[PDB]
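Below, each chain spelled out in residue letters.
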2 protein chains.
Amino acid sequence: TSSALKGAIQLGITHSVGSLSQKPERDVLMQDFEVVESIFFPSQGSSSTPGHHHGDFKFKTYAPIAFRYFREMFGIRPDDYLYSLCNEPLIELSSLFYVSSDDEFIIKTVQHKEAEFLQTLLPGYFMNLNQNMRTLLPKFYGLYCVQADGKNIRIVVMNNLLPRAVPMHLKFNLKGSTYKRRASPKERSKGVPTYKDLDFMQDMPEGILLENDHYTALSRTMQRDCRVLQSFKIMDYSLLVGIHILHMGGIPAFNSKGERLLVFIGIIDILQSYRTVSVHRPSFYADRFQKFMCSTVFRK
Amino acid sequence: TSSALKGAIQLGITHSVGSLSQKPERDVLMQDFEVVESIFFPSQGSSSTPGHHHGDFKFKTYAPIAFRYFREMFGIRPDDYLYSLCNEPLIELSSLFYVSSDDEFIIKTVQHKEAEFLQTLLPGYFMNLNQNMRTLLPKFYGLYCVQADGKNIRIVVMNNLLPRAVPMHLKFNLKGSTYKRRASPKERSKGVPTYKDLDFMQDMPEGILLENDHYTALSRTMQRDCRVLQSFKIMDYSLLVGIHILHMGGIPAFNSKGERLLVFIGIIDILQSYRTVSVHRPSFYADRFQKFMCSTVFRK
Ligand SMILES: Nc1ncnc2c1ncn2[C@@H]1O[C@H](COP(=O)(O)OP(=O)(O)OP(=O)(O)O)[C@@H](O)[C@H]1O
Ligand SMILES: Nc1ncnc2c1ncn2[C@@H]1O[C@H](COP(=O)(O)OP(=O)(O)OP(=O)(O)O)[C@@H](O)[C@H]1O
Ligand SMILES: [Ca+2]
Ligand SMILES: [Ca+2]
Ligand SMILES: [Ca+2]
Ligand SMILES: [Ca+2]
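Method-wise, the PDB entry is recorded as coming from X-ray crystallography, at a reported resolution of 3.1020 Å.

A. Expanded view of the interface of chain A and chain B. On the side of chain B, 20 residues touch chain A, which itself brings 20 residues to the contact. Looking at the side of chain A that touches chain B, the elements that each hand over two or more residues are α4 (112-129) and α7 (212-231) of chain A. Grouping the amino acids of the side of chain A that touches chain B by side-chain chemistry returns ten nonpolar, six polar and four charged.

B. Inspection of helix α7 (residues 212-231) of chain B at higher detail. Its 20 residues give α7 of chain B an end-to-end C-alpha distance of 29 Å, which sits within 8% of 28 Å, the value for a rise of 1.5 Å per residue. Immediately downstream of α7 of chain B, the backbone of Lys233 of chain B shows phi near 70°, a positive value.

C. Quick look at the side chain of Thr135 of chain A. Residue and element names in this part refer to chain A. In this fold, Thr135 is placed in the loop between α4 and β6 (140-147). For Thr135, the side chain forms a polar contact with the side chain of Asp225, separated by 2.5 Å. Not counting residues within four places of it along the chain, the set of residues in contact with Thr135 comprises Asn128 and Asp225.

D. Here's a closer look at unusual backbone geometry. Residues and elements named next belong to chain B. Phi is positive for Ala63, close to 45°, though the residue is something other than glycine. Here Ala63 shows up in the loop between β2 (57-62) and α2 (64-73). The phi torsion at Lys233 lies on the positive side, around 70°, for a residue other than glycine. In this structure, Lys233 sits in the loop between α7 and β11 (238-243).

Procedures and definitions
- Residues numbered from 1 in each chain as written, not as in the entry; some residues may be left out.
- Chains lettered and ligands numbered in written order.
- Heavy atoms only, no water.
- Residues with missing side-chain atoms left out of burial classes, pairs and counts.
- Contact = heavy atoms within 4.5 Å.
- Helix = DSSP H or I, 4+ residues; strand = E, 2+ residues; numbered from the N terminus.
- Nonpolar A, V, L, I, M, F, W, Y, C, P; charged D, E, K, R; others polar.
- Expected span 1.5 Å × (residues − 1).
- Polar contact = N/O pair within 3.5 Å; in protein donor to acceptor, adjacent residues only side chain to side chain.

Laid out in structure tokens, this is it:
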């Protein structure tokens, strides 16, 4: 019964943000990042909580005020968040993901270790957001946890980098590494294949050309996201990249042949940190990661 | 030999920010707040350090990169900082203060406890600065420590709320408390008397009137600074207030009689925290502090 999770997500977020938009607004304080609040949904029902078809669950909203601030800094009006996520069926896919009917939000699960680490990331995330306004890291809208009979599933709601609205003719999941970085042929048979690194280097060996103008932003704001990531001892993150070819949100690019492109990029899987690996190893992953994307994958 | 401190301040800041403006710029990370860097000035001299008339000292710059960011967010070009402070004599006054020849910077000493607490305040300070852009808290430009033979003097360089450039006809140091809040008559004989709270309530008993427009900013951004301060368990801070009467930086106000004013305000002495006092006591100081200034001291 996946349906028992979709509903518990949808029920609880409504109750969480619903009750918040009545409380009046205030600034975020360091105190707000470690708050975790819990509301209880009996199948019978309660004075606070409506009854439902699914079984009894507690719904846990992590760091609620801080994600209110993050959502607003991101443009996510509360009424839209709630409608998109809690008032329309959720599609699965095949860590475990979902999407909104809208295709604007992605949900993902996260190991207890990864959610706990997100909580510690918040202040540095706040700092990066408020310094590097064109950063590529995940746009985190909320951290939640549904408590089943004796298990916890932990969800982080975040932004969809590749929306149905723009048609993606190429997909890539890149890391700057080579080992097994080649699309499992099971995946290679989708019409929407998310090719990996070796796949890239042969299919697109003259690269993705960028103007002297826009290539500089990338090189600059990636050096920034990599300095942020290695600071926090993070690894195994990919630069996900969808390409679209022509005959408004993304980057404009020129093809090896010369067709005009619009490239859509973002850094994903940033919650595995190492705070046995070496002292200087996450720095190695960053320097590689960046010297790759900003030489092999995008050039001037 | 106060002169031996003025010089050690001036020598070390030059060396600290001088060496920094050659290093290339990057974003602030949580890691940067706890850094403390030390450079050594022998009276003989060194390859790194010039010789001097004063005795040997180590100069300690606290959280250097974070204060570079704070200075820039505040408008303080590095060349100006350095000239003002390190390239012109420093005036004393009669905790121990100085000023720049310019009258734009104030220096103050801080107990080891207070400096150590500033270091912990940095991330919440970063958060407040980047949320409440019209906040009243001290503008901190740097935290430094000069190590004498066996003693340490710890300085925080910050902004002068009452500059010689505007003539102040009134001064006040207000807290929302009454006990001994009445200017020591020793001070009461200066031509520039910094009256306290009881002094205010009788000399200006019809208050400082403010437009419905500007009175709202104050009430709003003070409720914000007080929510920040009590969060950090801080007390004994005063709202310092200088008044100027007419016949461009400050607030415009109307007098009980009706003359047109320009009021200059700021919150000072915020480094005494309590992280024996009650759980809810710093909150009491804030609610009082604010319900005072935004009823007795400024009205609509
Ligand atoms: N924010 C996002 N926007 C668009 N697509 C995404 C997003 N996050 C994940 N995906 C899709 O899921 C894949 C990456 O999943 P991710 O690596 O984040 O999760 P995971 O289960 O931890 O993966 P891995 O097993 O590689 O560590 C990508 O190849 C991408 O196509
Ligand atoms: N940033 C500033 N701008 C202008 N004047 C200031 C500033 N800081 C301090 N002063 C002057 O010094 C006085 C306040 O000193 P402050 O209370 O900050 O230091 P202190 O020695 O800890 O004082 P106290 O003994 O009251 O705790 C004020 O009355 C004011 O006139
Ligand atoms: Ca991955
Ligand atoms: Ca992972
Ligand atoms: Ca004081
Ligand atoms: Ca004090």
